[PDB]
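Trainee: Can you read through this structure? Questions will come right after.
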Amino acid sequence: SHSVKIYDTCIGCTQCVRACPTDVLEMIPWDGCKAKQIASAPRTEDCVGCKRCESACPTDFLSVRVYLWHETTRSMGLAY
Amino acid sequence: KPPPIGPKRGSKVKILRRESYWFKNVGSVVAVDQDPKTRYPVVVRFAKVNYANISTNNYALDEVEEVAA
Amino acid sequence: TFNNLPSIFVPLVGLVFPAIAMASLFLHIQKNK
Amino acid sequence: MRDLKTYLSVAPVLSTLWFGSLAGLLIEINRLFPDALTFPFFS
Amino acid sequence: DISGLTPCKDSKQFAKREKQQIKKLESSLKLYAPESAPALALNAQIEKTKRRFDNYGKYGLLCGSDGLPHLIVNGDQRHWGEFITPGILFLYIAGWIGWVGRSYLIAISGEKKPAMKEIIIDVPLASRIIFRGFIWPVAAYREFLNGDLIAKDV
Amino acid sequence: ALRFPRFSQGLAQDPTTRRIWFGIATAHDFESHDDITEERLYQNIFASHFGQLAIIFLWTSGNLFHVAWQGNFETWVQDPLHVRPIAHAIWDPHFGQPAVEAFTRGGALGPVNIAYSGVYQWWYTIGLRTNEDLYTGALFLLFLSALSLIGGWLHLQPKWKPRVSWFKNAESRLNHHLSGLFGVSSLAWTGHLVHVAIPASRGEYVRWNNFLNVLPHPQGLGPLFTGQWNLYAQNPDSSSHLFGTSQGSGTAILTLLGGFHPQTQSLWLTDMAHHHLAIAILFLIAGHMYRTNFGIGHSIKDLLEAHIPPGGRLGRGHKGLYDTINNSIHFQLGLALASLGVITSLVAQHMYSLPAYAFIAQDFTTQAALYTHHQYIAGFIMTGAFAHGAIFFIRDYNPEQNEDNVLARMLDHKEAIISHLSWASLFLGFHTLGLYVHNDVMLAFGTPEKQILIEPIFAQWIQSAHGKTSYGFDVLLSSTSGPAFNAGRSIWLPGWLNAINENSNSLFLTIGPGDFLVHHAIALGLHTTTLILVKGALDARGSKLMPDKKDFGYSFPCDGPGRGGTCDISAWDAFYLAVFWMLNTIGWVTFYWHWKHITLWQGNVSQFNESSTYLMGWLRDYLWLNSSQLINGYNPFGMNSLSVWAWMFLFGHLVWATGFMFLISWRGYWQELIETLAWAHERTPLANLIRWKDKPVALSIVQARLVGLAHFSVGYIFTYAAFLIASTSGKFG
Amino acid sequence: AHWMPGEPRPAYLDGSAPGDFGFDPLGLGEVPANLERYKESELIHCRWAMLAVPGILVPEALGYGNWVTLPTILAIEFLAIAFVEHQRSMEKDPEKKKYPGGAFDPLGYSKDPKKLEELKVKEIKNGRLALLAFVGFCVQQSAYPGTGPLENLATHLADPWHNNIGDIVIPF
Amino acid sequence: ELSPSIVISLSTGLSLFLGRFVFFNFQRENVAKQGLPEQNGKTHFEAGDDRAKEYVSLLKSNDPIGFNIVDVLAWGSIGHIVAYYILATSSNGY
Ligand code: CLA
Ligand code: CLA
Ligand code: CLA
Ligand code: CLA
Ligand SMILES: CC1=C(/C=C/C(C)=C/C=C/C(C)=C/C=C/C=C(C)/C=C/C=C(C)/C=C/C2=C(C)CCCC2(C)C)C(C)(C)CCC1
Ligand SMILES: CC1=C(/C=C/C(C)=C/C=C/C(C)=C\C=C\C=C(C)\C=C\C=C(C)\C=C\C2=C(C)CCCC2(C)C)C(C)(C)CCC1
Ligand code: SF4
Ligand code: SF4
């Protein structure tokens, strides 16, 4: 559904995923920062698009980035 | 090199990154990650916050340029 | 008959052409291949 | 008091002081010099 | 006599506006005694109206067919009291406001937390600057020549 | 793509009901459709243009057919000033007998609708003096619609399928369109006016059976080939001409006597003939400009790469601009809608003043309906021009291929442009609202002599620069000694002067301080709509709040509550709020127009010149007063012909208020409400048997925005149409 | 060697060119190509004005014509002059576009380069003076409609402290 | 009367003389400098448009300068134009 992307400006503060209410994100090891971790987005099918991840990305503009795309029943957040 | 690679701690620096809030604005380098594998070591501290109420951001060495002052 | 043609065409158009159109378009919406 | 003057210098208190003084100025001008459409001095 | 407008000192409908407003204020004047506060205030407003109309007559205002003063902005020397002299009077004050504000923001710019000086207005600083905008048309001109008016990008 | 949207498998893979709306709304966004190319894009556009032409010819054929079948045109030709036009008859079975009795106008045996479109006047001015003429025209336009349809069908087939290298042929296309489509087209229109319309005005009917025999001029083509063109301007209908009969007629076909016909208060048909002829010469000459298969002509690419100013002010100039326009269909569309909106407003501004149709100046509802129509159309077309420029800056703008050029140097100082347009709008709104409010107060204090009344000296100077002696400037045409007056002293200026000085017609109206103030309101509206649109277009690629806006596209709801909040950040939302400000601006324009004109027609120009300088005059003397005969279209005791306009008035009020629902209320309250509704439907017995196929959802934010604007604009338009038509028809002055 | 001694001379004109006094306050001749085109056009304007001014005052001193049909004289003019002007346009050497020489330089004035430079200075000075004189003719005919230039010089020499430009430049 | 057959032939021969002799080198220079109407860096015919194909057959003139039929149409269109301009502006006494 939605296309979440994490760019290489991430500092690995784990706010993107601790804010994400649908388990879309997960921190993985990395070698590009002092924290040695970066966020990944495997479960984009569970992405609703609420952008709580990028409302918590403390960078110049953003490192995590949500692109609104094909909306399915779970990205639209329907219990019916 | 083990000696510093980037600007000095306190060197007021300009941002050449086009997507940042402080583009073509000066800053104040508070730290430079001397690890020669990180992509954006230059920790800058600006005076005025961005839209997310943040005054600091990591920048690269090529995305930064020190002023003549 | 020319005075009677609106009486044939207006009930034809404004009621049947919605029937035909909205029905066929609802079927085109609710379709699967 | 230093803090009372710090509060009197705050933006709304100083704004209402400034605009009360200004409004009294323009009011007394439009009472002493009412109904003014043209500047007749060196006209 | 320009733009097809007769002056108000020799207009008929302007005097008619005068007479009509005076009769309107006199109709509201035959309901009180001529020595009480309402009648005195009405007579004061009446004299105010009459002097108003006579002042608009004597300044050379141009009253159209509707009988109201039509201001001329084109730049006619007779009608610089309409726009150009009060326009300069405006721009002098407006640039005063802007210049004292700009010199204030530049004054607090070298502060540790400048924003608190925009909330808590440093009245001594501004008051020392509040008269510095009296000379704005020359100080701003020099800041433009010296390069201090407009900032540089870096 | 499996479900109804065959052109987007992202909406077909949407179990909700958003797919229906987005398959309607993106149906015509071909460059966003899935799995397509540039060939298919241009070819679908070409077939779509064929369909549009088919619809246009069909709609004109419907107009002609209904005016011929259900109209009174043969009666309108005889006594046009005192016989009412008829658009089409009405068969509404909900009608009551009072409404059947009230809507029977124009000498009809049944209910009818009065043609406030002026098609009667324009058909009568170009010949067409019988119902059979209109029937032949309608049948021929039906043939033309079928022709466009088969053309667009076959040009989609693989055998006749033009390649993108053919659509991009921006020089052959320009030469052909200029020369033929404008020059030859206006030349053929002259060949109608000279052979048909003028003879139909001069008397005799020249039709297909006898148009080869009838000489349009008693000396046929000798004067043209021998250069003695002045023999076509000998007897120019010397001021006693009755339109439609030989009394006081002449023999000329091409004149420059200027001014108006005295009977019709319209332009001379000979002037229109000579006009279309002259501009035909100009367009046929200009269409031989651009380089084609014959070795001569210009390459627009090198015309643009040559117009780079030395000095670097513009920088790289227009370099790389041919490639960024010809490849970009949105740039072509934006420039096209720019020009089209400007000339549409020109059509309005010149049809109200210089009416080119017989007996359209003296009828007063068509002259207002057309102006209002074309100006709202121009405002929409202009908003669309800018919106498509924004869509270009996102989709089709390649910053590397046009680096440092006029377009790139443009996007650099977008902040300067936006700030100075903001200044202009802020200045205008502040000052002019302040003046209107000062005058509102000065009237509210009984002191109208204290009002800020600025005489528009500059527009009055231009008026006196054209022959209006109502101000006494005596400059360049009101001064007899001016060389400009001496040059055209013997060509057009007698007619033009007895037209512009005649205070009954509507060209170069006597303007006053209210005209100044409402012109500045108009400037506020234009500068502000421009601000909104330009700012959206230049921040379409990005800004500081959302620099990667090009990646989200032109139309997207927001970017979330982060970074303070990003509601209505897309360039689509700039277009949105600009449509609001556009409707406001055109409302000011048309309110000004309708009040000035209804006061002129009624006779009391003093009403506007005294009451237009303070807003309570517009609220009282224009809206409250002219809405007297409208809202009484159906009282508790009876109705009249203006019942439909009152019902439409209230209908437009209703949708204009319903738009506030989709605008004020946003998505989340409605999603939760629909969740409750879905619970109730799935747990309500005898309706559990019925289950939806598309999962119901509240409307998307961008969608509901669009829907609110649709209701808002429909209500704006229908309300003002009702009010304008009913006020100018309740009295006709 | 300076139009206003004290002003900094720009970098692109410094005295080397024939007629260089550093008068480019608007910065028109910044780029070199426009500068070259400008000095070409300057020499041509100069030569036309210097052809014009003796064709004004000499008719006025004797003929008194005041320097004031179409479809034949216009055609012969265009035919005679467009040929020469395009043939001038067909040269590409710039110093030969300004100063062709050859079939245009008889009498051997261009035989010595130092006197050639001095005579180029003379041409450009007299030509700027003549351009000013023609603009004076035009504006003196605009202000005074029906008077001649030498007539205006007589008007000045009659009472110069009462008949001068001032009467038109200020309203009073 | 300006002899409408003499002024028109005169102006046409004049335009043709001004074309071939006076400035054809300038016109052909500008043609070769502006070049073909390229799209995306290539000619239309080189981009797939079979219908452009600049007609070398119509341009293959053996006039020693190369005055093709299209330049004859060009200088002669301008000629008849200036001719009828003179004739019309001379017809009326204005
Ligand atoms: C209950 C209210 C009501 C209703 C239902 C109608 C119904 C009608 N009136 Mg109206 N009328 C009413 C009240 C009403 N009237 C009142 C109170 C007055 C004032 C007294 C009038 C005054 C009036 C006049 C003056 C005229 C009518 C006419 C008509 C007829 C139009 C013909 C038609 O089929 O339109 C078809 C529908 C449209 C053209 C609407 C187009 C817009 C739609 C919504 C968009 C379509 C979407 C899409 C493109 C197509 C997809 C298919 C679609 C079916 C879903 C129709 C029978 C006309 C008539 O008799 O001519 C035949 C006419 O001239 N009426
Ligand atoms: C922006 C639009 C606008 C404009 C242009 C005006 C303009 C005016 N209004 Mg209107 N008005 C407006 C909006 C506007 N108003 C609105 C929105 C309202 C509703 C709030 C009103 C309500 C209103 C009322 C009710 C009245 C007016 C009046 C006036 C007049 C005021 C004259 C006056 O007393 O000034 C005189 C000058 C001053 C008060 C300023 C003095 C400045 C000080 C002294 C500093 C300058 C000296 C300084 C030291 C420099 C000197 C030079 C040297 C030292 C360097 C003037 C024509 C009055 C009038 O007479 O109407 C004709 C009046 O009765 N207005
Ligand atoms: C001379 C040859 C010629 C002619 C006549 C046309 C004609 C046309 N082409 Mg073009 N075309 C040509 C050659 C030609 N083409 C060539 C060689 C190419 C090669 C690439 C193309 C490529 C091309 C494309 C790619 C497209 C067209 C399109 C069109 C149509 C434009 C839409 C329309 O009707 O508005 C015509 C508008 C006007 C005539 C006038 C508009 C503006 C005037 C100035 C306004 C003021 C006057 C106003 C009309 C008065 C009204 C008063 C009253 C009567 C109402 C039109 C039929 C489009 C189309 O519809 O596809 C079929 C399209 O998409 N053409
Ligand atoms: C009556 C309604 C109204 C008004 C007044 C405005 C006013 C404005 N709009 Mg528009 N707007 C409106 C409706 C309105 N809008 C609607 C319905 C929409 C659709 C969403 C938009 C969409 C819109 C956009 C998208 C844009 C604007 C812009 C602007 C500004 C234009 C600059 C200008 O003229 O300002 C001059 C100032 C005014 C008109 C304000 C009038 C109030 C007076 C002057 C204040 C002083 C009174 C008093 C002393 C204050 C104290 C009050 C109280 C606390 C005691 C201005 C603030 C543009 C902008 O910001 O450009 C700068 C812009 O980009 N507006
Ligand atoms: C966004 C964008 C876009 C769009 C835009 C637009 C839409 C614009 C518009 C614009 C417009 C809409 C404009 C207009 C203009 C106008 C003008 C510029 C005018 C001018 C005028 C003149 C010059 C005049 C003259 C004259 C007169 C005065 C009268 C008489 C005659 C004469 C001629 C003399 C595009 C796509 C492009 C691109 C991208 C970006
Ligand atoms: C005479 C007149 C007129 C007209 C006028 C005009 C037309 C003008 C223009 C003008 C212009 C065209 C201008 C421009 C400008 C620009 C710029 C660019 C500027 C800038 C400035 C600045 C920057 C400043 C600043 C400041 C100051 C000084 C003040 C305060 C502070 C500040 C800092 C803000 C009329 C007739 C109507 C009326 C009467 C009067
Ligand atoms: S919030 Fe942004 S910076 Fe923090 S861990 Fe997530 S992606 Fe990295
Ligand atoms: S948009 Fe919401 S669901 Fe998607 S990744 Fe961000 S926080 Fe998680």
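Simple scheme: letters A, B, ... for chains in structure tokens order, numbers from 1 for residues in each chain, numbers from 1 for ligands in the order shown.
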Residues near segment 114-131 of chain E, anyone? I mean within 9 Å using only C-alpha atoms, not counting same-chain ones fewer than 6 positions away, as a list in words.
Mentor: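 Listed by chain and then number, they are residues 6, 7, 8, 9, 10, 11, 12 and 14 of chain D; 96, 97, 100, 101, 103, 104, 105, 107 and 108 of chain E.
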Trainee: Can you pull out every residue within 7 Å of segment 26-31 of chain G, counting only C-alpha atoms, but drop anything in the same chain fewer than 2 positions away, and send it as an NGL selection string?
Mentor: (:F and (311)) or (:G and (12 or 24 or 33-35))
Trainee: Kindly give the distance, in Å, that separates atom CA of residue 136 of chain F and atom 12 (C, counted along the ligand's line) of ligand 3, rounded to a single decimal.
Mentor: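 So the answer is 27.7 Å.
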Trainee: Grab me every residue within 10 Å of ligand 7, counting only C-alpha atoms and all ligand atoms, and send it over as JSON, numbers by chain.
Mentor: {"A": [5, 6, 7, 8, 9, 10, 11, 12, 13, 14, 15, 16, 17, 18, 19, 20, 25, 26, 27, 28, 33, 35, 37, 38, 39, 40, 41, 52, 53, 54, 55, 56, 57, 58, 59, 62, 63, 64, 65]}
Trainee: Let's have the selection written as a PDB file, in the first residue's frame, with C-alpha atoms.
Mentor:
ATOM      1  CA  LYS A   5      11.213   5.092   2.809  1.00  0.00           C
ATOM      2  CA  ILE A   6      14.052   5.769   5.245  1.00  0.00           C
ATOM      3  CA  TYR A   7      16.864   7.957   3.940  1.00  0.00           C
ATOM      4  CA  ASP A   8      20.492   7.893   5.043  1.00  0.00           C
ATOM      5  CA  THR A   9      20.181  11.039   7.204  1.00  0.00           C
ATOM      6  CA  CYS A  10      18.730   8.956  10.045  1.00  0.00           C
ATOM      7  CA  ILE A  11      20.452   9.265  13.420  1.00  0.00           C
ATOM      8  CA  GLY A  12      18.853   6.111  14.842  1.00  0.00           C
ATOM      9  CA  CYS A  13      16.814   7.646  17.659  1.00  0.00           C
ATOM     10  CA  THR A  14      14.019   5.026  17.433  1.00  0.00           C
ATOM     11  CA  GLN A  15      11.210   7.596  17.633  1.00  0.00           C
ATOM     12  CA  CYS A  16       9.841   6.843  14.162  1.00  0.00           C
ATOM     13  CA  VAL A  17       8.991   3.283  15.210  1.00  0.00           C
ATOM     14  CA  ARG A  18       8.175   3.904  18.860  1.00  0.00           C
ATOM     15  CA  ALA A  19       5.568   6.349  17.514  1.00  0.00           C
ATOM     16  CA  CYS A  20       4.308   4.084  14.735  1.00  0.00           C
ATOM     17  CA  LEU A  25       8.892   0.126  11.040  1.00  0.00           C
ATOM     18  CA  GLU A  26      11.768  -1.606  12.782  1.00  0.00           C
ATOM     19  CA  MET A  27      15.302  -0.584  13.676  1.00  0.00           C
ATOM     20  CA  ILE A  28      18.159  -2.501  12.052  1.00  0.00           C
ATOM     21  CA  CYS A  33      25.835   7.151  12.309  1.00  0.00           C
ATOM     22  CA  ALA A  35      24.127   5.077  17.099  1.00  0.00           C
ATOM     23  CA  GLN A  37      21.242   1.736  13.751  1.00  0.00           C
ATOM     24  CA  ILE A  38      18.736   2.839  11.116  1.00  0.00           C
ATOM     25  CA  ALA A  39      15.016   2.340  10.625  1.00  0.00           C
ATOM     26  CA  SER A  40      13.555   0.054   7.974  1.00  0.00           C
ATOM     27  CA  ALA A  41       9.977  -0.364   6.725  1.00  0.00           C
ATOM     28  CA  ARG A  52       3.421   9.830  13.206  1.00  0.00           C
ATOM     29  CA  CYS A  53       6.802   8.476  12.100  1.00  0.00           C
ATOM     30  CA  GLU A  54       7.779  11.660  10.260  1.00  0.00           C
ATOM     31  CA  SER A  55       6.179  13.864  12.898  1.00  0.00           C
ATOM     32  CA  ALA A  56       8.956  12.443  15.126  1.00  0.00           C
ATOM     33  CA  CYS A  57      11.969  12.421  12.765  1.00  0.00           C
ATOM     34  CA  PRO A  58      14.452  15.010  14.142  1.00  0.00           C
ATOM     35  CA  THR A  59      16.408  15.885  10.999  1.00  0.00           C
ATOM     36  CA  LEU A  62      13.150  14.242   7.290  1.00  0.00           C
ATOM     37  CA  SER A  63      14.771  10.830   7.008  1.00  0.00           C
ATOM     38  CA  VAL A  64      11.682   8.665   7.265  1.00  0.00           C
ATOM     39  CA  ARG A  65       9.174   9.638   4.601  1.00  0.00           C
TER      40      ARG A  65
END
Trainee: Mind listing the residues within 8 Å of ligand 3, only C-alpha atoms and all ligand atoms counted, as a ChimeraX atom specification?
Mentor: /F:42,45-50,52-53,122,148,151-152,166-170,172-182,184-185,340,343,347
Trainee: Distance atom CA of residue 131 of chain G-atom CA of residue 48 of chain G, one decimal place?
Mentor: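 Atom CA of residue 48 of chain G lies 8.6 Å from atom CA of residue 131 of chain G.
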Trainee: Residues within 7 Å of ligand 2, counting only C-alpha atoms and all ligand atoms: report them as a list in words.
Mentor: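 The residues near ligand 2 are residues 26, 29, 30, 33, 34, 35, 36 and 37 of chain D; 89, 93 and 134 of chain E; 430, 431, 432, 433, 434, 435, 437, 438, 441, 442, 450, 451 and 452 of chain F.
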Trainee: Take the selection from the previous step and output its residues with N, CA and C atoms, as a tab-separated table (two decimals), in the first residue's frame.
Mentor:
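What ended up in selection18.tsv:
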chain	number	residue	atom	x	y	z
D	26	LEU	N	-4.87	61.06	18.31
D	26	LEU	CA	-5.69	61.21	17.11
D	26	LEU	C	-7.09	61.71	17.45
D	29	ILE	N	-6.91	65.34	18.13
D	29	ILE	CA	-6.68	66.02	16.86
D	29	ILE	C	-7.97	66.13	16.06
D	30	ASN	N	-8.75	65.06	16.03
D	30	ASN	CA	-10.01	65.08	15.29
D	30	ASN	C	-11.11	65.82	16.03
D	33	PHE	N	-9.14	69.51	15.32
D	33	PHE	CA	-9.04	69.65	13.87
D	33	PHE	C	-9.99	68.66	13.20
D	34	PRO	N	-11.30	68.81	13.40
D	34	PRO	CA	-12.25	67.83	12.88
D	34	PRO	C	-12.44	67.96	11.37
D	35	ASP	N	-13.09	66.94	10.81
D	35	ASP	CA	-13.73	67.03	9.49
D	35	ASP	C	-12.74	67.39	8.39
D	36	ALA	N	-11.58	66.74	8.42
D	36	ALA	CA	-10.45	67.14	7.60
D	36	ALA	C	-10.30	66.21	6.40
D	37	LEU	N	-10.37	66.79	5.20
D	37	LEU	CA	-10.15	66.07	3.95
D	37	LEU	C	-8.95	66.56	3.16
E	89	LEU	N	3.35	63.14	4.32
E	89	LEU	CA	3.14	63.11	5.76
E	89	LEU	C	2.95	61.68	6.26
E	93	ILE	N	5.90	59.12	8.55
E	93	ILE	CA	5.56	58.43	9.79
E	93	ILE	C	5.71	56.92	9.61
E	134	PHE	N	13.21	59.75	13.24
E	134	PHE	CA	12.96	61.10	12.74
E	134	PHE	C	13.79	61.38	11.49
F	430	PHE	N	-6.17	46.57	2.26
F	430	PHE	CA	-6.13	47.52	3.36
F	430	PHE	C	-6.77	48.83	2.95
F	431	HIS	N	-6.20	49.47	1.93
F	431	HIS	CA	-6.60	50.82	1.59
F	431	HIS	C	-8.03	50.86	1.08
F	432	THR	N	-8.36	50.06	0.07
F	432	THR	CA	-9.67	50.20	-0.53
F	432	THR	C	-10.78	49.77	0.43
F	433	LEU	N	-10.55	48.74	1.26
F	433	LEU	CA	-11.54	48.40	2.26
F	433	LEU	C	-11.67	49.53	3.27
F	434	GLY	N	-10.54	50.11	3.66
F	434	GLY	CA	-10.59	51.27	4.54
F	434	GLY	C	-11.40	52.41	3.96
F	435	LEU	N	-11.29	52.64	2.65
F	435	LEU	CA	-12.04	53.74	2.05
F	435	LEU	C	-13.52	53.41	1.96
F	437	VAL	N	-15.05	51.54	3.97
F	437	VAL	CA	-15.55	51.56	5.34
F	437	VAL	C	-15.65	52.98	5.86
F	438	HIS	N	-14.70	53.83	5.50
F	438	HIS	CA	-14.79	55.24	5.81
F	438	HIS	C	-16.07	55.82	5.24
F	441	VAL	N	-19.12	54.60	7.08
F	441	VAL	CA	-19.27	55.30	8.35
F	441	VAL	C	-19.79	56.71	8.11
F	442	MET	N	-19.16	57.44	7.19
F	442	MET	CA	-19.54	58.82	6.91
F	442	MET	C	-20.99	58.93	6.48
F	450	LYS	N	-17.88	63.96	3.71
F	450	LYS	CA	-16.58	63.60	4.25
F	450	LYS	C	-16.00	62.34	3.62
F	451	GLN	N	-16.61	61.82	2.56
F	451	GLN	CA	-16.20	60.54	2.02
F	451	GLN	C	-14.92	60.67	1.21
F	452	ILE	N	-14.16	59.58	1.15
F	452	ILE	CA	-12.96	59.54	0.32
F	452	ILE	C	-13.42	59.19	-1.09
Trainee: Which residues sit within 8 Å of ligand 4, counting only C-alpha atoms and all ligand atoms, listed as a ChimeraX atom specification?
Mentor: /F:419,421-431,433-434,524,528-529,531-532,535,574,576-581
